[PDB]
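*Asks:* quick one: experimental structure and sequence below.
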Amino acid sequence: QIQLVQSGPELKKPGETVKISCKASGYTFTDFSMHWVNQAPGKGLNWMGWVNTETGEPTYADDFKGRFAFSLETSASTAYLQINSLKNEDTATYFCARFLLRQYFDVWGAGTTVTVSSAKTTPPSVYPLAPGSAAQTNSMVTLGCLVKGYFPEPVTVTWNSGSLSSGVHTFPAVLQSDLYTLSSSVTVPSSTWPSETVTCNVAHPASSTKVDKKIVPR
Amino acid sequence: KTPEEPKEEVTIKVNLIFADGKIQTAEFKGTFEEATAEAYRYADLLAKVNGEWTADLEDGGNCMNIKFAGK
Amino acid sequence: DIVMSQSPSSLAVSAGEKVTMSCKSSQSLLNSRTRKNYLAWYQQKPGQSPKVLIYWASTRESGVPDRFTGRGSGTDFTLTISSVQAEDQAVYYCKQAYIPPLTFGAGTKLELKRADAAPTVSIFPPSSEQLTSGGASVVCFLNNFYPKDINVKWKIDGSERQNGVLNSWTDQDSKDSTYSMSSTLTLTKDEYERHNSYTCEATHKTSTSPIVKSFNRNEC
Amino acid sequence: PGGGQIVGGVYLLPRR
């Protein structure tokens, strides 16, 4: 199928360089122009320009003329985006999208988010939030997971490797003292826990860590 | 031309009341002059199908009750 | 540069209703020879990348339900959703591709209105695992409520506490159209072990009396 | 046109 796979999240210090890839598949890479679009935290989409995939000629929007560079590797059906002399304000997520002759974007990559900061990368501590020894009987039982003291974003949280998607509430992370804290809750029927095992899966790309905390009754 | 001396990104909160009884809520952000002009155009835009509109201002004009005559 | 203006900034409607979004350009998207308006509408949900809905100003992309309809020509365009459902909760952007650079509107947030719902509150004492690190967080979950406005109060042995509290809110739920929020109170293991009763009070419109939840350390 | 990948409808001409 038609896809655009982007590299992972990056954490760069101000003044450094970052280069992210967008690997296309499922179609002939050289037939469609590949564009780039950025989005600063909660701020909306902005067109950065495009790269002709057959001539390899890049075209930049004024606002991105300078530190930004578009490049290819046709043999690998991959498009690249490199930012040099990184500014704190470059923090955002960058998307690559395939553009059609009808002038709109056909497919998009999941976007790559890059954080510009001097704070040190630090792995999250993951604590199991099981109901406190008490209160009986609720029809439904709410479990939780506390992911604290990590940097930078993001962390992806799932329950039972993803099989438990409904009833989940994973909250946006909050920044405090160069350290993040995120939380996630799952509400499941009492007859299923402690009966069946419920496990919180959190991944933190920047530190290359995965923690699978099983929630156990107190 | 956009001010680099003075101000305000206001938010105009609006209630859209239709003849049939349904109520929708909307917001318009920007300078007070801009946002007000927005609500009005939007009202005109919505009046094309829900009828002529009338309004009730308050909070200095930071809150609108737009009613559409319907038909 | 061609400027795209979108309005409202946001909208809130009840399921099944018809909602209308507006987008106006600086200039005229209409090519004389092709007889086309190079205006497209994109839909973006939380954490997801955008997904096109309409292109030449009106032509519905394949796979998109007829519920969505794009109209307009020149500088005035609109997007309409006839039977709004929870799966429409997202930001909608119009983008002009008539003359580079391609420019986007600021977007229009679309949320659903539903019957009020009171928060179902849960409180969790610090995990023993966290205690062995000398840290102590008490988490309180206020899930699936509506409207979205909500206040939380933390009390330690009946006394209100403002320090060490972190709050986080969720985007409108894609299924029930409610909202949730997470509040965490953090202290040192030491502070935590010197007090006994911890409680969080939620204040929602759906009641004049704060929903209260708590636990006492002497009972764990 | 002398070009396959184009950006900007202002340039496109009927197909013909």
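*Replies:* In hand now; what should we look at? Residues are numbered from 1 along each chain as shown, chains lettered A, B, ... in the order given.
*Asks:* who in chain A is up against chain D?
*Replies:* Neighbours of chain D within chain A, by C-beta under 8 Å from any C-beta of the partner chain: A:31, A:32, A:33, A:50, A:52, A:53, A:54, A:59, A:99, A:101, A:103. (Each C-beta comes from the backbone N, C-alpha and C, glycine too.)
*Asks:* narrow those residues to those that are buried.
*Replies:* Buried members of those, counted by 16 or more other C-beta atoms under 10 Å in any protein chain shown: A:32, A:33, A:50, A:52, A:53, A:99, A:103.
*Asks:* quick check: residues of chain C near chain B?
*Replies:* C:7-14, C:17, C:19-20, C:22, C:78, C:113.
*Asks:* tell me the centre residue of chain B?
*Replies:* Centroid check for chain B by C-alpha atoms, centre = their mean gives residue B:39 as the closest residue, at 2.7 Å.
*Asks:* output the contacting helices and strands for the helix or strand hosting that one.
*Replies:* Residue B:39 belongs to helix B:32-50 when assigned by DSSP states H and E. Applying 3 or more C-beta pairs under 8 Å, 6 or more residues apart in numbering or on different chains; DSSP states H and E, we find helix B:32-50 packed against strand B:10-18, strand B:23-30, strand B:53-58, strand B:63-68, strand C:4-7, strand C:19-25.
*Asks:* any chance of a markdown table for the buried ones among the residues of chain A next to chain D, columns distance to residue C:163 and secondary structure?
*Replies:* Converted to a markdown table, these look like this (distance: C-beta to C-beta, whole Å; DSSP: H, G, I helix; E, B strand; the rest coil):
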| residue | distance to residue C:163 | secondary structure |
| --- | --- | --- |
| A:32 | 54 | coil |
| A:33 | 53 | coil |
| A:50 | 50 | strand |
| A:52 | 56 | coil |
| A:53 | 55 | coil |
| A:99 | 51 | strand |
| A:103 | 54 | coil |
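*Asks:* from the residues you listed, which is closest to chain C?
*Replies:* Lowest distance from chain C to these (C-beta to the nearest C-beta) belongs to residue A:103, with 3.9 Å.
*Asks:* you'd agree that closest one is up against residue D:9?
*Replies:* Yes - counting by C-beta atoms under 8 Å, residue A:103 does reach residue D:9; the two are 5.2 Å apart.
*Asks:* common neighbours of these two, please.
*Replies:* C:38, C:97 (C-beta atoms under 8 Å, 6 or more residues apart in numbering or on different chains).
*Asks:* now what about stretch C:145-159, what contacts it?
*Replies:* Looking at what lies outside stretch C:145-159 - C-beta under 8 Å, 6+ apart - the contacts are C:114-120, C:138, C:140, C:142, C:160-162, C:165, C:167, C:169, C:172, C:177-181, C:183, C:185, C:195-206, C:210, C:214.
*Asks:* flag every buried residue along it.
*Replies:* Residues of stretch C:145-159 classed as buried by neighbour count (16+ other C-beta under 10 Å): C:145, C:146, C:148, C:150, C:152, C:153, C:154, C:155, C:156.
*Asks:* farthest pair in those?
*Replies:* Largest separation among the buried residues of stretch C:145-159 by C-beta to C-beta: C:146 and C:156, giving 29.5 Å.
*Asks:* residues in contact with residue C:41?
*Replies:* C:23, C:52, C:53, C:54, C:68, C:70, C:79, C:92, C:93, C:94, C:95.
*Asks:* among those residues, which ones lie close to chain A?
*Replies:* C:52, C:93, C:95.
*Asks:* from the residues you listed, which land in strands?
*Replies:* Among those, the members falling in strands (DSSP state E) are C:52, C:93, C:95.
*Asks:* what would those look like in TSV with distance to residue B:52 and neighbour count?
*Replies:* Output for those, formatted as TSV (distance: C-beta to C-beta, whole Å; neighbours: other C-beta atoms under 10 Å in any protein chain shown):
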residue	distance to residue B:52	neighbour count
C:52	35	22
C:93	31	25
C:95	33	24
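*Asks:* partner residues bridging residue A:49?
*Replies:* The partner list for residue A:49 in beta bridges (DSSP bridges) reads residue A:36, residue A:60.
*Asks:* any idea how far residue A:80 is from it?
*Replies:* As judged by C-beta to C-beta, to the nearest Å, residue A:49 and residue A:80 stand 13 Å apart.
*Asks:* any shared contact partners between these two?
*Replies:* residue A:70.
*Asks:* give me the neighbour count for the closest residue to chain D within chain B.
*Replies:* At 24.8 Å from chain D, residue B:45 is the closest residue in chain B, using C-beta to the nearest C-beta. Residues lying near residue B:45 (other C-beta atoms under 10 Å in any protein chain shown) number 17.
*Asks:* before we move on, back to that, just the closest of the contacts of residue C:41 to chain D, please.
*Replies:* Proximity of those to chain D was ranked by C-beta to the nearest C-beta; the top entry is residue C:95 with 11.8 Å.
*Asks:* correct me if wrong: that closest one contacts residue C:42.
*Replies:* Yes - assessed by C-beta under 8 Å, residue C:95 is found in contact with residue C:42 at 6.5 Å.
*Asks:* please enumerate the shared neighbours of those two.
*Replies:* residue A:45.
*Asks:* picking up where we left off before, out of the contacts of stretch C:145-159, which end up buried?
*Replies:* By 16+ other C-beta under 10 Å, the contacts of stretch C:145-159 give C:114, C:117, C:119-120, C:138, C:140, C:142, C:161, C:165, C:172, C:177-181, C:183, C:185, C:195, C:198-204, C:206 as buried.
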